[PDB]
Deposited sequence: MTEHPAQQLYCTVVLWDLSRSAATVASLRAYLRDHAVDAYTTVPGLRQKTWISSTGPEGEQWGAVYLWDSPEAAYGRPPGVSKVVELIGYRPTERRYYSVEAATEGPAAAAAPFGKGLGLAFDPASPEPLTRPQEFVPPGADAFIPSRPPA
């Protein structure tokens, strides 16, 4: 309701033929209960390419649920997310 909970899900794309470009295109071509906000993010650098999603939830349980719209990205990239983090929103 007022306290929000954040889940961050990240894929390192070093071990995948998918890139930020290819995944941006699949997003271009191709309302969940409890979910206030869903954001797709990316990063490029010497470290390598990364794809991810940031979820704002209105309940603590949902934050640990299987993240929505991840199954489709899993088969596109080739594997389970390399990183997953859990936060509380303290002030926005």
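Absent C-alpha positions map to the deposited sequence ranges 1-5, 36-41, 104-151, in order along the chain.
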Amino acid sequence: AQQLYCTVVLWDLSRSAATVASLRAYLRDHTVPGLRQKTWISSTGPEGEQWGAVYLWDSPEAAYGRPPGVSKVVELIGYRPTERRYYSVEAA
From here on, numbers count along this sequence of modelled residues.
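Higher average CA B factor: 21-29, of the stretches 78-86 and 21-29. Checked against the record, the higher mean CA B factor of 62-70 and 32-40 lies with 62-70.
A1: CA B factor in the highest third of modelled residues in this chain (values from the PDB entry).
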